[PDB]
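Colleague: Let me give you the structure first, and then I'll get to my questions.
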Amino acid sequence: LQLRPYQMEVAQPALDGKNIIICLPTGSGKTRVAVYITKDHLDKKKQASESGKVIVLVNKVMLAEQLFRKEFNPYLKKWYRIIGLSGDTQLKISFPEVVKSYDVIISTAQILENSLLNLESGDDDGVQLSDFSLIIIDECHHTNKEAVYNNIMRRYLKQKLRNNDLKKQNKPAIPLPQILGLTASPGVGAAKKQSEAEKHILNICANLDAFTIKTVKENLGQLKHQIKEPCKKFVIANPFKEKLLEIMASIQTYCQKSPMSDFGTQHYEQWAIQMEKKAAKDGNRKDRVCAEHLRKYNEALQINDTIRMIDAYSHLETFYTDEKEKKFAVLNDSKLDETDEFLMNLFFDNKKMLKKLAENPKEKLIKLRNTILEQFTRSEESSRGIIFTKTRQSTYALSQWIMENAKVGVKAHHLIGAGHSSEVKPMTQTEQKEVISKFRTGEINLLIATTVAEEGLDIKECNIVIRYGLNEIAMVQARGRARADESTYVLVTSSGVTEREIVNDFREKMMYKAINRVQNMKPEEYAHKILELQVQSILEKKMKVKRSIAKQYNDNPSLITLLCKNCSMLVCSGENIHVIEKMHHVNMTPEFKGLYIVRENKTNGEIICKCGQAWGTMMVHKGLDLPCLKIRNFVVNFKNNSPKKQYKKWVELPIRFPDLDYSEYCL
RNA sequence: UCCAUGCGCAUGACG
RNA sequence: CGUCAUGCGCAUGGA
Ligand SMILES: [Zn+2]
């Protein structure tokens with residue numbers, strides 16, 4: 001409930017109008033200052049006795065929880081109403097009531113936006129920006145094209161212009177709230193010049209309709225006292241491959257596949273995908289099946305260039321073991337093909353000796369063990385530990401690996417995000433909290449993490465941040481995590497990877513240059529530029545809405561037939577399908593049901609083809625074992641258009657399918 | 001607390 | 001515009 005001196009001056013303009021931005025580094029505790037702005041605004045509104053609301057917005061739920069528990073309540077526990085609002089907190093009360101109540105709100109973004117849309121539709125109780133007297137944001141540097149919450153500012157922008165027009169038109173003018181923006185260093189997006197960066201910043205500011213940035217320069221001394229920045233550091237340090245590449249070449253010869261590129265990169269992957277579409281556009285075999293296999297192989301390569309090939313053997317053991325299980329489940333109610341037999345036998349004839357090759361070291365892994373061991377010695381104990389990388393699979397893999405070799409012990413644990421993707425077992429927010437807490441105790445010495453740890457997770461006191469094969473903001477936040485107590489950054493990758501840390505330093509210089517330029521600017525010219533950017537953004541939104549509205553026009557019941565994509569085989573019609581939840585599609589009418597096969601290895605079985613292809617899940621809804629499917633695995637056959645099409649999702653086409661009627665299923 | 005799914009978004013790399 | 005990897009949020013349904 002007190003102001004630092006450097007916080008004082010920067011907060012100063014916001015206290016009277018001054019919709020502004022703030023950027024300060026980690027550790028400066030910009031929540032306290034924000035709270036002071038809140039309390040001062042509220043006290044002002046009590047002095048005028050008017051509606052004082054704050055609608056604080058974030059990108060993630062965790063920060064809302066943190067600030068509710070620890071920042072907003074303990075300083076406004078006494079006076080005012082507070083509530084921490086999230087998509088996950090099943091809350092009995094609805095949003096516009098906690099607008100009707102709850103002078104202070106902490107919230108995640110799209111709650112608000114959804115409520116505004118319910119307004120614009122008029123569906124459920126609505127809300128508008130007129131119910132407010134202030135807005136505060138965290139992480140404004142996400143404010144850009146089609147951001148989660150940036151859309152709302154465009155409405156604030158749209159109505160704003162109306163106000164000015166109304167002042168010209170009739171001159172009644174509705175109020176609009178003050179806007180505060182907080183962030184770390186905003187960074188910069190896709191620049192090589194100061195002008196590009198400056199245009200970015202002006203874009204941000206007029207997307208926030210701000211007035212200035214108001215960074216700290218006077219009281220830099222106490223800041224640098226609180227803020228100790230660690231040392232910018234760079235620390236940099238067979239036949240199985242060809243054994244497999246020969247197989248790949250044999251497979252091209254088997255398939256007449258001309259790569260027009262090398263093995264072990266994205267271009268070969270993309271060519272494989274395009275060929276797989278075309279052979280899906282042709283309904284042939286040995287042409288798309290092998291595109292998929294070769295996709296798997298190139299994945300195996302690009303891990304082999306970075307990972308112990310034992311993990312590639314794991315990958316392919318998983319794959320082909322599933323393949324054998326698929327073909328056996330097909331045979332259970334039935335035989336192979338020359339294609340499948342060729343590929344499988346080509347694999348299995350080598351599989352054992354290839355696993356033998358896997359057990360032969362002759363690699364960045366050695367450099368990694370060296371980099372790990374050296375820090376354990378210098379610390380001699382009580383060494384915190386962080387690792388970054390790209391993927392999820394890498395983390396499980398390396399954790400399993402490090403469990404096996406040495407350890408002197410630093411028990412380390414993996415970490416990933418949450419998303420339902422990658423064909424992996426994700427983690428859970430609870431589990432993330434558990435892990436970071438154990439690290440907070442230091443019981444877990446080393447963390448293996450993707451780019452979650454850099455983002456917004458409370459970590460500190462650490463020293464040995466690294467990079468095994470990985471923008472300026474990620475860099476500065478990872479530097480913020482490791483403190484200036486014998487802490488050293490490390491980067492390890494085959495080698496422009498140094499280029500990127502260098503670029504981050506370069507952008508760190510450039511952003512300060514642009515900040516200094518814009519701050520020292522005419523208020524007139526500044527306002528003119530920001531108005532132009534606001535008009536540009538608004539017209540851009542109108543064009544996007546025009547294109548989207550013009551997009552979907554057909555909305556047909558049944559114009560198609562869905563087919564197997566390995567075998568150009570009829571599977572379903574357009575009218576035989578039905579819908580549940582207005583989300584999922586399904587095919588009853590057991591004429592269909594005579595076709596498929598079912599499998600389940602470990603809560604819902606999976607539906608697979610007579611060719612062997614995997615098509616869906618035994619979705620159990622309302623007591624019906626609804627065989628749901630995924631359009632990703634299916635191909636389109638219009639009666640009208642000969643060309644085949646494939647979408648990866650239902651909403652690509654506009655043509656609608658009906659909602660299911662269980663009264664049909666009256667037995 | 002766990003699980004399945006849909007939708008939207010940003011970021012990095014690649015064409 | 002297309003691909004991949006990563007991350008985020010929201011909405012459903014179930015235990
Ligand atoms: Zn089939």
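Here's how to read the names in the structure tokens: chain A, B, ... by the order shown, residue numbers from 1 in each chain, ligand numbers from 1 in the order shown.
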Residues within 6 Å of ligand 1, counting only C-alpha atoms (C1' of nucleotides) and all ligand atoms: report them as a PyMOL selection string.
Modeller: chain A and resi 564+566-567+609-611
Colleague: Those selected residues, please, written with N, CA, C and O atoms and delivered as a compact mmCIF listing (two decimals), in the first residue's frame.
Modeller:
```txt
# COMPACT_ATOMS: atom_id res chain seq x y z
N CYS A 564 -13.38 -43.84 -47.49
CA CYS A 564 -12.07 -44.20 -46.98
C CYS A 564 -11.00 -43.56 -47.84
O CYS A 564 -11.17 -43.35 -49.04
N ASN A 566 -7.48 -44.53 -47.68
CA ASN A 566 -6.60 -45.55 -48.25
C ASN A 566 -7.26 -46.21 -49.45
O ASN A 566 -6.74 -46.15 -50.57
N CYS A 567 -8.42 -46.82 -49.23
CA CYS A 567 -9.22 -47.40 -50.30
C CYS A 567 -10.28 -46.39 -50.68
O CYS A 567 -11.00 -45.88 -49.82
N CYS A 609 -10.87 -49.10 -39.78
CA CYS A 609 -11.37 -49.49 -41.09
C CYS A 609 -11.16 -50.97 -41.36
O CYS A 609 -10.47 -51.68 -40.62
N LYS A 610 -11.77 -51.44 -42.45
CA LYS A 610 -11.48 -52.76 -42.98
C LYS A 610 -10.20 -52.76 -43.79
O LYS A 610 -9.55 -53.81 -43.90
N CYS A 611 -9.82 -51.62 -44.35
CA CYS A 611 -8.49 -51.43 -44.89
C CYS A 611 -7.46 -51.39 -43.77
O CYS A 611 -6.32 -51.82 -43.97
```
Colleague: Which residues of chain B sit at most 8 Å from chain A, using only C-alpha atoms (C1' of nucleotides)? Give each one's shortest atom pair and distance in Å (one decimal place), in chain and ascending residue order, as JSON lines.
Modeller:
```
{"residue": "B:5", "atom": "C1'", "partner": "A:584", "partner_atom": "CA", "distance": 7.8}
{"residue": "B:6", "atom": "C1'", "partner": "A:583", "partner_atom": "CA", "distance": 5.7}
{"residue": "B:9", "atom": "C1'", "partner": "A:148", "partner_atom": "CA", "distance": 5.8}
{"residue": "B:10", "atom": "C1'", "partner": "A:147", "partner_atom": "CA", "distance": 7.0}
{"residue": "B:12", "atom": "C1'", "partner": "A:471", "partner_atom": "CA", "distance": 7.8}
{"residue": "B:14", "atom": "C1'", "partner": "A:266", "partner_atom": "CA", "distance": 6.0}
{"residue": "B:15", "atom": "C1'", "partner": "A:267", "partner_atom": "CA", "distance": 6.4}
```
Colleague: Could you tell me how far atom CA of residue 526 of chain A sits from atom CA of residue 511 of chain A, in Å to one decimal place?
Modeller: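 Interatomic distance here is 17.6 Å.
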Colleague: Counting only C-alpha atoms (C1' of nucleotides), what are the residues of chain C within 7 Å of chain A, and for each of them which pair of atoms is the nearest and at what distance in Å, to one decimal? Sort the table by chain and rising number, as a Markdown table.
Modeller:
```
| residue | atom | partner | partner_atom | distance |
| --- | --- | --- | --- | --- |
| C:3 | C1' | A:270 | CA | 5.9 |
| C:5 | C1' | A:391 | CA | 6.7 |
| C:6 | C1' | A:390 | CA | 6.6 |
| C:7 | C1' | A:452 | CA | 6.4 |
| C:8 | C1' | A:60 | CA | 6.9 |
| C:10 | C1' | A:110 | CA | 6.5 |
```
Colleague: Write down as a PyMOL selection string the residues belonging to segment 400-595 of chain A that are assigned helix (DSSP H, G or I) by DSSP computed on the backbone.
Modeller: chain A and resi 400-404+429-441+452-456+472-481+498-519+523-551
Colleague: So that I can check the secondary structure, give me every residue of segment 152-381 of chain A assigned strand (DSSP E or B) by backbone DSSP, as a ChimeraX atom specification.
Modeller: /A:178-181,231
Colleague: Could you jot down the atom CA of residue 484 of chain A to atom CA of residue 35 of chain A separation for me, Å, one decimal place?
Modeller: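 Separation between atom CA of residue 484 of chain A and atom CA of residue 35 of chain A: 28.4 Å.
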Colleague: For residue 371 of chain A, please output as a PyMOL selection string all residues within 10 Å (counting only C-alpha atoms (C1' of nucleotides); exclusion window: fewer than 5 positions along the same chain).
Modeller: chain A and resi 235-237+365-366+376+464+466+490+492
Colleague: Work out how far atom CA of residue 294 of chain A is from atom CA of residue 647 of chain A, in Å to one decimal.
Modeller: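 One can read the atom CA of residue 647 of chain A to atom CA of residue 294 of chain A distance as 21.5 Å.
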